[PDB]
Amino acid sequence: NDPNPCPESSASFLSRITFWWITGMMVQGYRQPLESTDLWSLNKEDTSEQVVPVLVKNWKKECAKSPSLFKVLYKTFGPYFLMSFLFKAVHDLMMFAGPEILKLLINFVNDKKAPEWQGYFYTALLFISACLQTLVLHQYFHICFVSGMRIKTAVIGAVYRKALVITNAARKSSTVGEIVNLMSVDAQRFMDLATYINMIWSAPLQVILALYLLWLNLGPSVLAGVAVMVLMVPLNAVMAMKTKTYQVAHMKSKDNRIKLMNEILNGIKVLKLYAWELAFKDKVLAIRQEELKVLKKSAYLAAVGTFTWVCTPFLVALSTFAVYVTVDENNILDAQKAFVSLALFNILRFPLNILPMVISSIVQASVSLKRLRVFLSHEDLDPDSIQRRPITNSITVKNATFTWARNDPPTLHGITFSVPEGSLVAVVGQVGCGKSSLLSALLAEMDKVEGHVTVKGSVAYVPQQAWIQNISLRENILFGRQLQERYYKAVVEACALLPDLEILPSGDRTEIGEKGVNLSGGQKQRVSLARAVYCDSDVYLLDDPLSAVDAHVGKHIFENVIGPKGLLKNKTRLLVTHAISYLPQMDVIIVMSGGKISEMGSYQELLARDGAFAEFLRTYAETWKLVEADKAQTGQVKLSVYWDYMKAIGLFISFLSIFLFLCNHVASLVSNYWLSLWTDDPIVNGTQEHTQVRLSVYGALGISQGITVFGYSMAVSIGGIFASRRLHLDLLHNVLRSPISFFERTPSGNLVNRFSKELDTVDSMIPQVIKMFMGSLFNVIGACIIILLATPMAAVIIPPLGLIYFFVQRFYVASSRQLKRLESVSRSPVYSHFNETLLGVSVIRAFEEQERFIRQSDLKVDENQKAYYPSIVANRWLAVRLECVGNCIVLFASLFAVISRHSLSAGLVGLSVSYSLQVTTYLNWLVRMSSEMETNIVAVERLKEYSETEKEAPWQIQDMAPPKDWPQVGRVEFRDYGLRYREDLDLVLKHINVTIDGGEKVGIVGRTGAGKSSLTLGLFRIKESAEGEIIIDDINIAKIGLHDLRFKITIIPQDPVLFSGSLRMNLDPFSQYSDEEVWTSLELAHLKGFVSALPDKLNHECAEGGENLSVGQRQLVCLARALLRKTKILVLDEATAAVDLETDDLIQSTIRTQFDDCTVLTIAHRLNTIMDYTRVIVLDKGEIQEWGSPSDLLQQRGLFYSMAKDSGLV
Ligand SMILES: Nc1ncnc2c1ncn2[C@@H]1O[C@H](COP(=O)(O)OP(=O)(O)OP(=O)(O)O)[C@@H](O)[C@H]1O
Ligand SMILES: CC(C)CCC[C@@H](C)[C@H]1CC[C@H]2[C@@H]3CC=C4C[C@@H](O)CC[C@]4(C)[C@H]3CC[C@]12C
Ligand SMILES: CC(C)CCC[C@@H](C)[C@H]1CC[C@H]2[C@@H]3CC=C4C[C@@H](O)CC[C@]4(C)[C@H]3CC[C@]12C
Ligand SMILES: CC(C)CCC[C@@H](C)[C@H]1CC[C@H]2[C@@H]3CC=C4C[C@@H](O)CC[C@]4(C)[C@H]3CC[C@]12C
Ligand SMILES: Nc1ncnc2c1ncn2[C@@H]1O[C@H](COP(=O)(O)OP(=O)(O)O)[C@@H](O)[C@H]1O
Ligand SMILES: [Mg+2]
Ligand SMILES: [Mg+2]
């Protein structure tokens, strides 16, 4: 029992054949524009739940049986798609039958004596044949399009189901670029094959059936015609083989582009802060140029392919007629037969003119078939590698050796330990020694070479990089679980989240943002912890959850949650710690260096050892929503869009294209009438050579027609490339120029959609639609001009026939357009969900929530399909209506000719029928193509949207540009400075007033969520000042072009962000300076040893956004990045967060030596590294509290004293 079910199920037989059931929606759509709400629920068999499981099953049955073939696996959609063959057969015989009846009528009308009754019968038999072919043809087309739709669901369903199981090593090879490409473009390639796959036999049948009529007419002279056509195949064959290589290279360039764009949109804040977006712009363009260069070559071959097929029947015709006179000198010599022979030849263009699109589709689909087959055949991480015994030690690892990649050398070298039930274990060691690795090994994320691993009970995971969903804070803490009011409140207060829940705008239920961009580092880490704690599992793997928060909250969380008095007192919990404060509280602590456990034991036991760790210890010891969903445009498409696409093509090509179209269709009409005038001439003994004279002229025009067709097919293709190139550059510049607030609002999939699918539409579709539209347009003008001039008194018939076609076209398109918008809008969540999942697969797999996320994906794809399905039915609805109107007019033209056979104008009236069918079929084509054009241009409308938006301040002002040596003394002055993140939200900073003098070392201290990171975000002018101003050395900041600002001051941001490419590229993407400078920087960064010992020294492939190396190494890469610029104002935003105590001591000593003369302000939680500084700023919520020298603030016994006492400096 559905609330709004599809009417197709309940529809009677008469309704189903004519598609009468969609009538109701089409009328509703005309009155007021269609909404997402009044779309019908899908049919049970059109649903991911019913479609995808049978495909993945067949893959399990077929892949397990084996190489693994994907083509044999596409017998899943075979059964349903066979009926299509039967429907296509009947239609072709009815197409063949049509002309026969028309000959008998055109003959009947001529013969005066013929009985009254026999005339009507022919017209009645014509009308019925036209109706039957229409109904049968559109049953065929509906089966083809429904098949295509079901293949789209399954391809997306399978790819998502696979993405959650694939190995890490395979995840590096199959990048996010390929996965997004597979779900988007390759599914559209299979959908487009679904139509034309049925022509592979329908064209040869039609070619044979037309050829046999010539044998019946001519005889054994039709062989030459077959000999010419068979010789043709090899050319199209080798050219198709050549294209197959171009399509592969084109797709590879498209994957690389989408992969790079993903890495840009991930870390856009870092691009904005370092002022790097021009470097990454140039890189995206370089990849686009390669992709477009190949697409041009593919288009050149298509033109040669089209050129070959269009001029085949004329070359066949001349080849055939030569055979007669070169042997048959005895019997045959006819004059009129030529006309019937040419009338039989001129049908052999209708099959051959649709062939190069069949070839293009099959090649394009065959590439996509290989790419999907290669992706679904990747090695799957096996969960039976770990024992996972039912709820005697908690976890046991015995001589286990794990490796990130199968062929690479192992990370963990023969580790051996056992942890008892309800034991608090700690993991310690150097930066990049394999701690996060050890936790990954127990989750079966890493491949193991040898050993034995047993993990008894359910596992809960807290990763080092916090992963938060787009949904409300409560729903993040729940993570798809039933709510317990007692326990929920008990977890939230234990995780120290109450003050954070107070400061948030709408308290608990706030739209948290796409990657938790709203929250601060500590808030993200606390939510991530709270989720895992709420889940209530047997074993707890905590990857440094007390890093980002200060000493106060850290202690609170340790006493209330993790420690032996908290919630998790009884559960086995293995935490990775860098702090040495809580090691006496631990049961056993495991030290590891270079992937080997150096020594295990308790605090006292390890102290008694007098080892390396002992020596280490001595030295240091109604709710407000944020994300706005995509919303469809309401009215008609504005001429601005069309004019913008045409402006990109250029004036020269547009005047050439139209000119060649005219030359083509003029030659078409000259040939048309020159033949029809040649027809009605007597066969006298004279005009013996005239036939051999004029058939050369017919051949010449046939070649001329072919040459021009090749011409305009080329002209439109190059036009399309110019447009597609220009549109991408405008889109990319518009995106890179927008402010940070826009990116925090707009969903990720919202942009991925426009950069992948909407651009792929602009690249491929629109040129083909333009070619077919212009073709149909000039065909209609060409028919109209002929009938009018042949019968000047037929000027009355044209308007009425046009007006009724126009009103059907204007009615239909109004709804058709809106359905294409709804579909195009509703596909954005599908990308967002894919993007959200791929980041947090480790977490999803740890909590075993796969089924829920898989089930969520199915429900998100259903919405896209619910929007798509009415669109294709509406196409069928229109087509049947227009053809049935066409049949009616043909009947009246046909019936009028029989009624008034001999009354008057007997010679003229007989022909009236002949072109009454022509004009009908051409006006039928014009409406359908004009609609297809209006629905396709929506893609360009969608790309334009980010032109009329909010833009960031001008990059280069070039008038008020400050001197080359502007930051000469780092004198930073804040004057009544106040920041506000949104327009409606309350102020984060207010009435800030400090004077940081030149070369002054300034600390910034405060409680988590005090406005520390926001102050540094404010200085770079990422968010524009609400009140007051900042001044850097007697020069106002708001005035200057922010690229003159941003190059002169450096920051180490809180989150370390690396981009996909060589390790050298991350340090310097402009390629400005030498390798000696990079090496001396990596020497000061303390990565020299690590980066030197690597297989490729500085050409190491950092992939997936720097997942190839550890968090603490990304910290040092971001340090090196800052060390290379060597500016006079430096800003540290917790640069020493996820590192050792030893490693921290080093990079501090670096900062003291290198940045000795330049102004440095540092934000920090480790107060150890502040007490050395000259002055310190302390701020609580939005205002600066007591500030001065650290020694002074300790004497005062105020706030800074309280924070020092927690750290244990006092
Ligand atoms: N997914 C991965 N693919 C390939 N190599 C990896 C991967 N993860 C880690 N490594 C390599 O293993 C080394 C150390 O592993 P790991 O990241 O577990 O260190 P860690 O102890 O977590 O360090 P940190 O203290 O920075 O958290 C790194 O130097 C890195 O090159
Ligand atoms: C005689 C005519 C009318 C019918 C035969 C012509 C067509 C259907 C034939 C001739 C050459 C053939 C192509 C030759 C090469 C390729 C590339 C391959 O990777 C996929 C199949 C594909 C694309 C073939 C499909 C069928 C094909 C296009
Ligand atoms: C170089 C050549 C091919 C460029 C040709 C550009 C042509 C095809 C463009 C420019 C303006 C466009 C038209 C603008 C207005 C409408 C009305 C709409 O209800 C149907 C589409 C239709 C009829 C468009 C069809 C495509 C169009 C005619
Ligand atoms: C109609 C008959 C008489 C003449 C036909 C000549 C045709 C085939 C010629 C004349 C001018 C030519 C065009 C001139 C300019 C360009 C731009 C170039 O970057 C790609 C090829 C392209 C698009 C050419 C394609 C072929 C072309 C259209
Ligand atoms: N992009 C944002 N949009 C709206 N509010 C934000 C944003 N970033 C941070 N906030 C809010 O401002 C407060 C202070 O943030 P911030 O100064 O960045 O944290 P911290 O001082 O801990 O580094 C936080 O409690 C947070 O809720
Ligand atoms: Mg780690
Ligand atoms: Mg911060």
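In chain A, numbers come from Swiss-Prot; the residues present are 203-268, 311-635, 641-870, 942-1530, in order.
Heads up, header says this was done by electron microscopy, 3.2 Å.
A Cβ is built for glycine as well, from the same backbone N, Cα and C atoms used for every other residue.
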Discussion item. For the candidates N1005, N1428, I need the one that Swiss-Prot annotates as N-linked glycosylation site.
Written reply: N1005
Discussion item. With respect to the membrane, does Swiss-Prot record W994 and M1085 on the same side?
Written reply: no
Discussion item. Looking at 518-538, 1203-1223, which stretch does Swiss-Prot describe as transmembrane segment?
Written reply: 1203-1223
Worksheet item: In Å, rounded, how far does the Cα of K503 (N6-succinyllysine) sit from the Cα of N1005 (N-linked glycosylation site)?
Response: 76
Item to complete: Take the Cβ of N1005 (N-linked glycosylation site) and count every other Cβ within 10 Å, whichever protein chain it belongs to.
Response: 5
Worksheet item: Within 10 Å of the Cβ of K503 (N6-succinyllysine), how many other Cβ atoms can be counted across all chains shown?
Response: 21
Item to complete: Please work out which recorded stretch in 1089-1109, 1203-1223, 1226-1246 has the most C-beta pairs separated by under 8 angstroms from the transmembrane segment (967-987)?
Response: 1089-1109
Fill in: Helix, strand and coil counts within the topological domain 'Cytoplasmic' (1132-1202) (DSSP)
67 helix, 0 strand, 4 coil
Worksheet item: If 71 residues are missing between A870 and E942, how far apart are the two Cα atoms, in Å?
Response: 51
Worksheet item: Are there residues at least 6 beyond the ends of the topological domain 'Cytoplasmic' (1046-1088) whose Cβ is under 8 Å from a Cβ of it, and what are they?
Response: 424-425, 428-429, 432, 498, 502, 505-506, 509, 512-513, 515-516, 521, 524-525, 528-529, 532, 539, 601, 719, 762-763, 766-767, 946-950, 965, 968, 1036-1037, 1039-1040, 1144, 1147-1156, 1256-1257, 1259-1260, 1262-1263, 1266-1267, 1269-1272, 1275, 1301-1302, 1342-1343
Worksheet entry | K503 (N6-succinyllysine) - helix vs strand vs coil (DSSP) | helix
Discussion item. Taking the 42-residue hole in the deposited chain, the Cα-Cα distance from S268 to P311 is how many Å?
Written reply: 6
